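Here the structure comes first, spelled out in structure tokens, and everything after it is commentary.
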Amino acid sequence: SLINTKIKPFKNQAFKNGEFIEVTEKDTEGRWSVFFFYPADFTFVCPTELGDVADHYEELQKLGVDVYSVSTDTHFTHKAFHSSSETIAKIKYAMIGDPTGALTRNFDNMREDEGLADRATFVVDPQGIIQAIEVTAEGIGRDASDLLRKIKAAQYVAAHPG
Amino acid sequence: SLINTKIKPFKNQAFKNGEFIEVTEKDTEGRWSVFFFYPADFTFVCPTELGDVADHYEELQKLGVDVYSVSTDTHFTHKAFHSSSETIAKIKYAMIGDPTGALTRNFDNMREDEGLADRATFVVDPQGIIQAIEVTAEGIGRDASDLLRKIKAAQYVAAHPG
Amino acid sequence: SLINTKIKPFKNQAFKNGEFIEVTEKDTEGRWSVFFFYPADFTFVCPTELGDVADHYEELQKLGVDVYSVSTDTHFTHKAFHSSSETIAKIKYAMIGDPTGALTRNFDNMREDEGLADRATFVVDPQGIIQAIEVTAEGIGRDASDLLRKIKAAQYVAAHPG
Amino acid sequence: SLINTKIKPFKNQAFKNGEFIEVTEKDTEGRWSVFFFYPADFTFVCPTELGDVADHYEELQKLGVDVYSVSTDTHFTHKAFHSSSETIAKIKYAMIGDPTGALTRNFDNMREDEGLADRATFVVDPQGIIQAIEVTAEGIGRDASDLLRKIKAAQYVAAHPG
Amino acid sequence: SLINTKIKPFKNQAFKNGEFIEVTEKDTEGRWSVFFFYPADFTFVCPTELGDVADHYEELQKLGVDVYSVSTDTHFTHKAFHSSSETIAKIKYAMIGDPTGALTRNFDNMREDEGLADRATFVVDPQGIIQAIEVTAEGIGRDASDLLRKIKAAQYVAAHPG
Amino acid sequence: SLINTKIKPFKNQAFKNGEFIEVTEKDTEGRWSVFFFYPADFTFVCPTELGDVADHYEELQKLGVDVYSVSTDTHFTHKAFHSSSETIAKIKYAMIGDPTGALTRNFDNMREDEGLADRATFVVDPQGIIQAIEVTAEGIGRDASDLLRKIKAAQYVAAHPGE
Amino acid sequence: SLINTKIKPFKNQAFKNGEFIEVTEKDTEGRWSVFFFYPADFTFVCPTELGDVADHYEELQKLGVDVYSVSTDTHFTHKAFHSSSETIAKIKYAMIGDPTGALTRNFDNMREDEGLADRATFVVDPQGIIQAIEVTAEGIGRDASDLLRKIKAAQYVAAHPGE
Amino acid sequence: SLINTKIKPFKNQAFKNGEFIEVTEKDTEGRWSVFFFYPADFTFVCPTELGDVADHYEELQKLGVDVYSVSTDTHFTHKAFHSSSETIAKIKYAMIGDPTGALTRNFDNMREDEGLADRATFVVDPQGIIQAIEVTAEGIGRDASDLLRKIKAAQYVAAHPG
Amino acid sequence: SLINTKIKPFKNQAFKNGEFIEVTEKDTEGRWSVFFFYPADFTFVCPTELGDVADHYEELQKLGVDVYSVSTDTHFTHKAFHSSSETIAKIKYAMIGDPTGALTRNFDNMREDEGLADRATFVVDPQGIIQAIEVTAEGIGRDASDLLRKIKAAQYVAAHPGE
Amino acid sequence: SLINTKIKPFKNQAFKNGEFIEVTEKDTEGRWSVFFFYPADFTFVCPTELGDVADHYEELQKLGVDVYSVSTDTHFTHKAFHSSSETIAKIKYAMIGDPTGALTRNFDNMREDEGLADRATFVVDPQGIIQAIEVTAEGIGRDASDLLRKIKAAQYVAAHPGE
Ligand SMILES: [K+]
Ligand SMILES: [K+]
Ligand SMILES: [K+]
Ligand SMILES: [K+]
Ligand SMILES: [K+]
Ligand SMILES: [K+]
Ligand SMILES: [K+]
Ligand SMILES: [K+]
């Protein structure tokens, strides 16, 4: 698995709070990052997973943990989605667009048959190291509370080596 | 270029008139087909390049021509789009979603560095042989008026050789 | 990721209830199997992870779920470990020894520079399709309760498609 | 396709207004250039596709656009041709001879099985970046009228971005 | 050299006495053939060489010897040339067009830099065997009388082996 | 065979008298080393081979010989075994853990289909040259005394060239 | 190592009891064989090893063990060697000549820079499986007694799986 | 063909006027050289070709033209042949022996299945550029007079470009 | 060396007593053949080697031995040489022309930088097996008598195995 | 063939006059050398060839020619062979042992399926250039007289270019 590997550089357009920004691997340096991949915007799956994460975003920011949602949709497309479903509107974190699929493949998370990302979550430490990975098949939901638990523990071991 | 080639096989999801269908190379069928590629849904140029084609779509069945718009967004993404712009609401032809980019690359029409299709239009005759090609950079619109041009008598030469 | 792939073949020896047995992919066919990897036996990191899973074993067996713990240690070491830690003594599921590291490499779960497996968990359905993956660096525990959640969830989707 | 690429270097002989010159990629110059490809000289469709372009040539310097017709015949062959058809006599732009087919293949525009160029027209801006492409099978003529189309404001977007 | 090798198959369009025909390698079977390559039609070199051959064409036909002029020009192009210079008008033999260069390269006679054939003459016997080759640089003329001399001698040895 | 070759570099974790150590080829320079391989800790075979070596360890240390027992188990596993067993508690020499098999593989001594080392012993001189190799299938024990003999000889020839 | 492997096929000439014979792998089947390699005949770096083995030879023989000495010399050289030394003269088991080095390479026991075999001993059971290997540098003698031991041990385990 | 290429390097022994000498490409530099290949010495085909060339030797020397006959025979055989046939005795030019066939293979003039040179003639200018090639099957003689014609012709063009 | 190998197939043109013949390996089957190589015809070295062979040819033909002289010249050239020379006019055996060098190259006997054969002689038995090879630099003549001796021996051993 | 080539470098052990020595290519420089290969010592397919060469040895010696016999046996085997046969006992030139077969392969003179050298003789001039080669199958003896002849002939041509 990619556990304990360094994420590789990337440059994508993303959507974060009414504006279009650019995220690259430098921006993740010095920070804790959570990459939340999902297959696609505007799908009939209830977006609860992206929103569930939104709910913990204030505590995540408080812990110095940044968040990035990712789909092979364009960033233009994330916006429409953010401003259309009330649940999706709770997102204040960056919503990265990866239409080239480059980011998704960097994390070896592509459903190569469908051109969409698998439902995977990655926890990356300040050094660019992947410290926790979770991937699930369509229908198996990710509970943001457990992600958070891993994250505090992850942060802890960096600080208390034993 | 692909002028005069037989189109290659494909299976993409698409949206047509309220709910979702499949398109394959055979659905093109013994008909004249128009593949109208465009970069992406929801961007800010309002694209009724697409809408003009829609306006002229009724007249496009004319001849037994199907019109297929194509972008690297998903079909989920195209509908959401048919519902946001009234100008886009005008579309009665198939909006094909090509998330894997395979359809786009079949027509050698991918902006590989962006993961989006280029502004290219293709005219395909009933045995699937491409009879006309037009490609432009963004900002240079395509007129359906004589996109309609001239399918022509492409018609004719094909039914009155020379 | 290995998501949605069918697991590969293996034949390994294991300690399960006081006895040495052999395990193969065939023993998993038709059942839900959970493959729980860990670095090594007799280490000083507490097997709270393994015992927690054992506590829920009564419960995994109800859903028709098999549990296989895996380390690059021998089944012999597993027999020994099962007799020294009271937390480990509780294990009623199979402890697979993968001294050749082949089973571990099957799930691409090897730390090659150490010769030990990563803290990885896999949920495999009766058709041998991996439906869930969870991997963590040491110090970042895997929550057994949450594991159970995913499995029940995995089971629904499987009996009630979308 | 070649949409948006930098043209590759070339040196071909050509005919212009009574006697023979050289064209290289640099003669394109900080100007808008039009490469008008056609199959061959002296065939029997009378081609004033070429002549229309000639008719509209005066207006084509307009903007500082050069017009270059291209076929796999030699420059010797193009002149003989300027002298046989009064309609062809109308041409004041460069008729490039491309016997080696290198110019044609630079624009990926060769009918490899015939050794003739396809009916393709290309618009190149002053730094040599292709901004527009149109290709058709024989029998489907190209209208200079809006070949002139729209060079456009290709002009504009380039001098008024977006 | 290609002396004593069998010519390889080909299919070109050619011009012979007011009409457009097709020549292939089958047509040369059972006959003596002379392939007279030249660089290009409508050049400022005096076409005396093609015409000089015309002068001996009646005797060549009388001896069962066919003739083929060849250039990378199209056959359309040979016509214009045949009906424009009084010297070129003497040709009653086929004037093959090889715009793909395939024939010329079959005889390894291409000026690869210029896309034109070298000034070479080939004598091919009824079995497809090359029996006499002559190639010269621009400006060195081929005297048809000597070609004829070689040809009778060539025909003779086939008949009188010694 | 590997006879008369220089041992290759290695870095392994090990157990030696209650503590974890690192062992590398550099740790062998200038000394006589015995690399004592065995399949695995905690198996059902009685460990007389390891123990027999321990019995002669004192005497080997006088001759300036280091002993490294080696299996593909981890050092963690050696810790456990060293406490749990009878005879192994007698072990005061280094127990090297080779989970990656590189040490074992260095000596061409891996049972690849098993992921375990063969029952093999090697005598290595101060320059890292292997002077004696002994390998046997299970049930055929290695005699520590014969090992010592060979070692004495190895040291002799080495200190008195050409006889 | 070649431990626990089946010997590869061979066809060699040999000196046996005043006579020249052919030996092949088919000739080892069903028997316990000891392949005793040595550098060369007529060295006189001590030929104690060949002679020592000769002394334990019928004890080896009616444990049902055959002994084959092997060097890269010819069988011709072996009879000659057998006729000059009272110690070598004592050898009554087969002395295989391996001029091509094929047997030696079979047991991967060749010193390539010298063109001679190493001081290696191999024990092969009736199934052609190598159960024991002993290799030493020149000067480090091989103990016949320890060989005998190993062979008996090998035979036991082989007839009594689980002790 | 080898037309217009610079000849390759060679060092061969030869018979020239009663003496054995060595010949290299350097001995040709700055001169017009004619390389006359033939199958073999002492054959029964009459060297009328060689003697005819000798008759014109007086004359080749006037134009500053060197003559080198070449066969895969040795210079030794050439000495012998020069003394047996009165027609051959006339040879005052160099008879190069190419026993290794390398010189012959340089001009790609070898009949590989026979180990002999083809009846080939080459005209090389002072800069080492081959300006004329004539090759024939046996029985088809090369005309020396015609050779001379080409050489004079070759010389003009060289002193009066186009 | 090519000693004890089967000659490879060949087809060459040749001169033999005024006529042109083809010679192939098939023409050698069942006979003893001597392939006598030399650099070239018409050179400045006196041809005693070819002539010496001719002198013994009669006698070789009684022993059932065929002689093929070989150079990379053509058969045409051999014709010439056979008439022009002294001693070569004495030649009644086949003079093979090898302009392509395949025969010469068959016997590994080509001076590649010269395009000529080395002064080499080969004795080949009825089964196409080379039994004797002799090669010398210029100035060191090959003695036909010694050739005969060798041939007699070759025939002997061949008709009376194992002495 | 290797005719007219320079010998490749070598370092071998040998038996010489009751003593063991080293011979290398540097030891042939400036002298005429005869490399006399033979299958093996102690065969007794006739050792006439080695003895015959010994008889012509000082005639060879004060033409300034050195003689080196070569077999794939060891030098050890050669002294032994030199002590048993009155005919071999007569050899006073160096007997090179080539256990590795390197010298033999240098002269491309090895019988690979047997591990022994062929009956080949080579003449090397002071510049290390092979001027003469003679190879024969077993049973076809090599004539010492003809060797001597060739050597004198070789030396002449070498000192008198053009005769
Ligand atoms: K996409
Ligand atoms: K292990
Ligand atoms: K052309
Ligand atoms: K010591
Ligand atoms: K040997
Ligand atoms: K030749
Ligand atoms: K006979
Ligand atoms: K030997």
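Here, A, B, ... name the chains of the structure tokens in the order displayed, residue numbers run from 1 inside each chain, and ligands are numbered from 1 in the same displayed order.
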Residues of chain E no more than 10 Å from chain D, counting only C-alpha atoms: send them over as number ranges by chain.
E: 12, 40-44, 72-81, 84, 98-102, 111-116
Go ahead and save the picked residues with C-alpha atoms, as a short mmCIF file (atom, residue, chain, number, x, y, z; two decimals), in the first residue's frame.
data_model
loop_
_atom_site.label_atom_id
_atom_site.label_comp_id
_atom_site.auth_asym_id
_atom_site.auth_seq_id
_atom_site.Cartn_x
_atom_site.Cartn_y
_atom_site.Cartn_z
CA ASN E 12 -0.19 3.70 -59.90
CA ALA E 40 9.61 16.50 -62.40
CA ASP E 41 7.19 17.79 -65.00
CA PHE E 42 7.17 21.44 -66.00
CA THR E 43 10.79 21.99 -65.00
CA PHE E 44 13.11 24.31 -66.87
CA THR E 72 6.29 11.99 -58.21
CA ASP E 73 3.83 14.36 -59.96
CA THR E 74 0.23 13.28 -60.25
CA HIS E 75 -1.08 11.78 -63.50
CA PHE E 76 -3.26 14.79 -63.79
CA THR E 77 -0.06 16.71 -63.85
CA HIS E 78 1.51 14.55 -66.61
CA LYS E 79 -1.43 15.45 -68.86
CA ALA E 80 -1.16 19.12 -68.51
CA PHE E 81 2.49 18.65 -69.36
CA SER E 84 1.63 21.93 -73.24
CA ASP E 98 3.81 8.29 -58.40
CA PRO E 99 2.81 10.98 -55.90
CA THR E 100 3.21 8.53 -53.00
CA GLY E 101 6.65 7.87 -54.20
CA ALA E 102 5.99 4.15 -53.80
CA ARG E 111 16.05 11.87 -53.95
CA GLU E 112 14.82 11.66 -50.44
CA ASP E 113 15.67 15.31 -49.78
CA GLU E 114 13.62 16.63 -52.71
CA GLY E 115 10.78 14.12 -53.03
CA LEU E 116 11.62 13.65 -56.71
#
Spatial neighbours of range 32-38 of chain A, 8 Å, only C-alpha atoms, chain gap at least 2 places, as a PyMOL selection string
chain A and resi 28+30+40+50+64-71+104+116-126
So which residues are near ligand 5, meaning at most 9 Å away with only C-alpha atoms and all ligand atoms counted, given back as an mmCIF file with N, CA and C atoms, in the first residue's frame?
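Output below, filename out.cif:
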data_model
loop_
_atom_site.group_PDB
_atom_site.id
_atom_site.type_symbol
_atom_site.label_atom_id
_atom_site.label_comp_id
_atom_site.auth_asym_id
_atom_site.auth_seq_id
_atom_site.Cartn_x
_atom_site.Cartn_y
_atom_site.Cartn_z
ATOM 1 N N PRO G 39 40.987 -31.490 -3.761
ATOM 2 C CA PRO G 39 41.616 -30.711 -4.829
ATOM 3 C C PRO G 39 42.237 -31.490 -5.948
ATOM 4 N N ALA G 40 43.212 -32.305 -5.560
ATOM 5 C CA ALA G 40 43.987 -33.050 -6.518
ATOM 6 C C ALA G 40 44.786 -34.188 -5.921
ATOM 7 N N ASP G 41 45.078 -35.166 -6.780
ATOM 8 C CA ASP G 41 45.882 -36.303 -6.420
ATOM 9 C C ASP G 41 47.247 -35.735 -6.485
ATOM 10 N N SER G 71 37.981 -35.857 -7.748
ATOM 11 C CA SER G 71 38.941 -34.799 -7.966
ATOM 12 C C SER G 71 38.864 -34.539 -9.463
ATOM 13 N N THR G 72 39.418 -33.420 -9.919
ATOM 14 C CA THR G 72 39.347 -33.125 -11.341
ATOM 15 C C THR G 72 40.428 -33.857 -12.112
ATOM 16 N N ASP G 73 41.161 -34.762 -11.462
ATOM 17 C CA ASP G 73 42.152 -35.537 -12.195
ATOM 18 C C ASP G 73 41.445 -36.628 -12.947
ATOM 19 N N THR G 74 42.176 -37.320 -13.806
ATOM 20 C CA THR G 74 41.545 -38.382 -14.549
ATOM 21 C C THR G 74 41.584 -39.611 -13.693
ATOM 22 N N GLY G 97 37.237 -39.784 -11.580
ATOM 23 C CA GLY G 97 38.028 -38.758 -12.239
ATOM 24 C C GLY G 97 37.009 -37.842 -12.886
ATOM 25 N N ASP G 98 37.179 -36.532 -12.695
ATOM 26 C CA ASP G 98 36.236 -35.552 -13.249
ATOM 27 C C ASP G 98 36.924 -34.445 -14.104
ATOM 28 N N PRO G 99 37.782 -34.846 -15.039
ATOM 29 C CA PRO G 99 38.514 -33.925 -15.906
ATOM 30 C C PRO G 99 37.683 -32.805 -16.489
ATOM 31 N N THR G 100 36.410 -33.044 -16.760
ATOM 32 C CA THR G 100 35.580 -31.992 -17.322
ATOM 33 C C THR G 100 35.025 -31.083 -16.272
ATOM 34 N N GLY G 101 35.166 -31.495 -15.015
ATOM 35 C CA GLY G 101 34.629 -30.679 -13.955
ATOM 36 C C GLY G 101 33.126 -30.711 -13.851
ATOM 37 N N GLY G 115 40.877 -24.696 -11.090
ATOM 38 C CA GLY G 115 40.503 -25.848 -11.889
ATOM 39 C C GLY G 115 40.449 -27.137 -11.103
ATOM 40 N N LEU G 116 40.275 -26.990 -9.799
ATOM 41 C CA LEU G 116 40.184 -28.121 -8.894
ATOM 42 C C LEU G 116 38.976 -28.011 -7.971
ATOM 43 N N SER J 71 49.065 -30.510 -20.708
ATOM 44 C CA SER J 71 47.934 -31.398 -20.566
ATOM 45 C C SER J 71 47.093 -30.747 -19.478
ATOM 46 N N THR J 72 45.843 -31.176 -19.332
ATOM 47 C CA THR J 72 45.000 -30.564 -18.318
ATOM 48 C C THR J 72 45.260 -31.162 -16.950
ATOM 49 N N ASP J 73 46.286 -32.003 -16.815
ATOM 50 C CA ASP J 73 46.607 -32.529 -15.496
ATOM 51 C C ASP J 73 47.351 -31.475 -14.728
ATOM 52 N N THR J 74 47.568 -31.723 -13.446
ATOM 53 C CA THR J 74 48.283 -30.745 -12.666
ATOM 54 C C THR J 74 49.746 -31.006 -12.852
ATOM 55 N N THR J 77 50.759 -34.038 -11.093
ATOM 56 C CA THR J 77 50.578 -35.278 -11.801
ATOM 57 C C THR J 77 51.744 -35.417 -12.756
ATOM 58 N N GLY J 97 51.131 -27.894 -16.286
ATOM 59 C CA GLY J 97 49.863 -28.447 -15.839
ATOM 60 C C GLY J 97 48.851 -27.349 -16.099
ATOM 61 N N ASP J 98 47.725 -27.709 -16.716
ATOM 62 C CA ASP J 98 46.686 -26.724 -17.045
ATOM 63 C C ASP J 98 45.274 -27.112 -16.514
ATOM 64 N N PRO J 99 45.184 -27.473 -15.235
ATOM 65 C CA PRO J 99 43.932 -27.878 -14.602
ATOM 66 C C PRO J 99 42.745 -26.997 -14.918
ATOM 67 N N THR J 100 42.958 -25.706 -15.119
ATOM 68 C CA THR J 100 41.842 -24.827 -15.425
ATOM 69 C C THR J 100 41.491 -24.838 -16.880
ATOM 70 N N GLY J 101 42.367 -25.435 -17.683
ATOM 71 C CA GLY J 101 42.104 -25.457 -19.100
ATOM 72 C C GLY J 101 42.302 -24.130 -19.786
ATOM 73 N N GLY J 115 37.313 -32.885 -21.315
ATOM 74 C CA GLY J 115 38.065 -32.107 -20.347
ATOM 75 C C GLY J 115 39.562 -32.250 -20.490
ATOM 76 N N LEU J 116 39.976 -32.636 -21.687
ATOM 77 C CA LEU J 116 41.382 -32.809 -22.006
ATOM 78 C C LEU J 116 41.760 -32.095 -23.299
#
With only C-alpha atoms and all ligand atoms counted, collect every polymer residue having an atom within 8 Å of ligand 4; state the result as a count of residues only.
6
How would you write, as a count of residues only, the set of residues in range 16-117 of chain J that DSSP gives as strand (DSSP E or B)?
28
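Closest approach to ligand 6 among H:17, H:94, H:110, H:48: H:110, based on only C-alpha atoms and all ligand atoms.
Within 10 Å of residue 128 in chain I there are residues 4, 5, 6, 7, 8, 9, 25, 26, 28, 29, 30, 31, 32, 33 and 123 of chain I, counting only C-alpha atoms and ignoring same-chain residues fewer than 5 positions away.
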Would you kindly return, as a PyMOL selection string, each protein, DNA or RNA residue with an atom no farther than 8 Å from any atom of residue 91 in chain B, considering only C-alpha atoms and excluding same-chain residues fewer than 2 positions away?
chain B and resi 50-51+53-55+57+82+88-89+93
Take the selection from the previous step and output its residues with N, CA and C atoms, as a PDB file, in the first residue's frame.
ATOM      1  N   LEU B  50     -23.287  25.419 -28.077  1.00  0.00           N
ATOM      2  CA  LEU B  50     -24.059  24.219 -27.810  1.00  0.00           C
ATOM      3  C   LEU B  50     -25.534  24.493 -28.035  1.00  0.00           C
ATOM      4  N   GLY B  51     -26.009  25.623 -27.543  1.00  0.00           N
ATOM      5  CA  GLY B  51     -27.384  26.037 -27.692  1.00  0.00           C
ATOM      6  C   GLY B  51     -27.768  26.326 -29.131  1.00  0.00           C
ATOM      7  N   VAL B  53     -26.525  24.938 -31.596  1.00  0.00           N
ATOM      8  CA  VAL B  53     -26.685  23.635 -32.166  1.00  0.00           C
ATOM      9  C   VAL B  53     -28.037  23.091 -31.735  1.00  0.00           C
ATOM     10  N   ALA B  54     -28.443  23.372 -30.501  1.00  0.00           N
ATOM     11  CA  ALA B  54     -29.747  22.923 -30.025  1.00  0.00           C
ATOM     12  C   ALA B  54     -30.863  23.584 -30.815  1.00  0.00           C
ATOM     13  N   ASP B  55     -30.726  24.886 -31.040  1.00  0.00           N
ATOM     14  CA  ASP B  55     -31.718  25.639 -31.796  1.00  0.00           C
ATOM     15  C   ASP B  55     -31.940  25.133 -33.166  1.00  0.00           C
ATOM     16  N   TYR B  57     -31.197  22.073 -33.821  1.00  0.00           N
ATOM     17  CA  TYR B  57     -31.334  20.604 -33.725  1.00  0.00           C
ATOM     18  C   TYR B  57     -32.548  20.019 -34.444  1.00  0.00           C
ATOM     19  N   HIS B  82     -28.137  21.212 -17.772  1.00  0.00           N
ATOM     20  CA  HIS B  82     -29.345  21.444 -18.589  1.00  0.00           C
ATOM     21  C   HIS B  82     -30.425  22.179 -17.776  1.00  0.00           C
ATOM     22  N   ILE B  88     -29.119  26.582 -22.093  1.00  0.00           N
ATOM     23  CA  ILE B  88     -28.724  25.155 -22.157  1.00  0.00           C
ATOM     24  C   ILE B  88     -29.953  24.215 -22.136  1.00  0.00           C
ATOM     25  N   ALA B  89     -31.027  24.696 -21.520  1.00  0.00           N
ATOM     26  CA  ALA B  89     -32.293  23.994 -21.358  1.00  0.00           C
ATOM     27  C   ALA B  89     -32.890  23.678 -22.741  1.00  0.00           C
ATOM     28  N   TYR B  93     -30.687  17.266 -27.927  1.00  0.00           N
ATOM     29  CA  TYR B  93     -29.777  16.207 -28.385  1.00  0.00           C
ATOM     30  C   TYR B  93     -29.018  15.578 -27.245  1.00  0.00           C
TER      31      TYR B  93
END
If you run DSSP over the backbone, which residues in chain J end up helix (DSSP H, G or I)? Put them as an MDAnalysis selection string.
chainID J and resid 25:27 48:55 57:61 75:84 86:89 102:106 144:159
Store the residues picked out above, limited to C-alpha atoms, as a short mmCIF file (atom, residue, chain, number, x, y, z; two decimals), in the first residue's frame.
data_model
loop_
_atom_site.label_atom_id
_atom_site.label_comp_id
_atom_site.auth_asym_id
_atom_site.auth_seq_id
_atom_site.Cartn_x
_atom_site.Cartn_y
_atom_site.Cartn_z
CA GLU J 25 53.81 -15.59 -21.67
CA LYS J 26 56.53 -13.20 -20.59
CA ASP J 27 58.73 -16.34 -20.35
CA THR J 48 55.90 -41.88 -27.73
CA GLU J 49 55.09 -38.34 -28.67
CA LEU J 50 56.33 -36.77 -25.43
CA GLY J 51 59.46 -38.93 -25.38
CA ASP J 52 60.18 -38.40 -29.07
CA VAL J 53 60.14 -34.68 -28.53
CA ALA J 54 62.46 -35.17 -25.59
CA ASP J 55 64.99 -36.97 -27.83
CA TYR J 57 65.18 -31.61 -27.40
CA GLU J 58 68.65 -30.23 -27.39
CA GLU J 59 68.72 -30.10 -31.19
CA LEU J 60 65.68 -27.94 -30.56
CA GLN J 61 67.52 -26.19 -27.76
CA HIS J 75 51.99 -30.19 -12.47
CA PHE J 76 51.79 -32.53 -9.57
CA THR J 77 50.58 -35.28 -11.80
CA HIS J 78 53.33 -34.43 -14.22
CA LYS J 79 56.21 -34.95 -11.78
CA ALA J 80 54.58 -38.23 -10.79
CA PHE J 81 54.31 -39.20 -14.48
CA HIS J 82 57.90 -38.13 -14.93
CA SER J 83 58.93 -40.53 -12.13
CA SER J 84 57.20 -43.65 -13.35
CA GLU J 86 61.59 -44.35 -18.32
CA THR J 87 60.29 -42.78 -21.47
CA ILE J 88 58.63 -39.90 -19.62
CA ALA J 89 61.56 -39.85 -17.21
CA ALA J 102 42.93 -21.81 -19.72
CA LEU J 103 46.12 -22.44 -21.74
CA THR J 104 44.33 -25.09 -23.63
CA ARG J 105 41.46 -22.80 -24.43
CA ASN J 106 43.96 -20.10 -25.28
CA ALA J 144 59.11 -34.80 -34.33
CA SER J 145 61.31 -34.66 -37.37
CA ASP J 146 58.65 -32.77 -39.38
CA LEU J 147 58.34 -30.38 -36.40
CA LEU J 148 62.05 -29.72 -36.38
CA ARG J 149 61.90 -29.12 -40.11
CA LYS J 150 59.10 -26.69 -39.82
CA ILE J 151 60.92 -24.83 -37.06
CA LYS J 152 64.09 -24.43 -39.05
CA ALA J 153 62.00 -23.40 -42.01
CA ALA J 154 60.15 -20.97 -39.82
CA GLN J 155 63.33 -19.45 -38.57
CA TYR J 156 64.86 -19.09 -42.01
CA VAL J 157 61.91 -17.29 -43.64
CA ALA J 158 61.88 -15.18 -40.55
CA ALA J 159 65.49 -14.15 -41.01
#
Find the residues around residue 15 in chain I up to 6 Å (only C-alpha atoms counted), leave out those fewer than 4 positions away in its own chain, and share them as a PyMOL selection string.
chain I and resi 19-20+75+94-95
Find, counting only C-alpha atoms and all ligand atoms, the residue in E:39, E:7, E:24, E:14 that gets nearest to ligand 3.
E:39
So that I can check the surroundings of residue 93 in chain G, please list as a compact mmCIF listing (two decimals) with N, CA and C atoms, in the first residue's frame every protein, DNA and RNA residue that reaches within 7 Å of it, counting only C-alpha atoms and ignoring chain neighbours fewer than 2 positions away.
# COMPACT_ATOMS: atom_id res chain seq x y z
N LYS G 16 38.49 -48.28 -9.48
CA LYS G 16 37.93 -49.15 -8.51
C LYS G 16 38.57 -50.49 -8.47
N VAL G 67 31.00 -44.95 -1.08
CA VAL G 67 31.89 -43.79 -1.05
C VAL G 67 32.51 -43.57 -2.41
N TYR G 68 32.40 -42.34 -2.91
CA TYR G 68 32.98 -41.93 -4.18
C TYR G 68 33.91 -40.73 -3.98
N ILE G 91 42.80 -47.29 -0.37
CA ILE G 91 41.44 -47.00 -0.86
C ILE G 91 40.80 -48.11 -1.68
N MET G 95 37.28 -44.18 -6.96
CA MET G 95 37.91 -42.85 -7.11
C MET G 95 37.49 -42.30 -8.47
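The space between CA of residue 142 in chain F and CA of residue 114 in chain F spans 21.1 Å.
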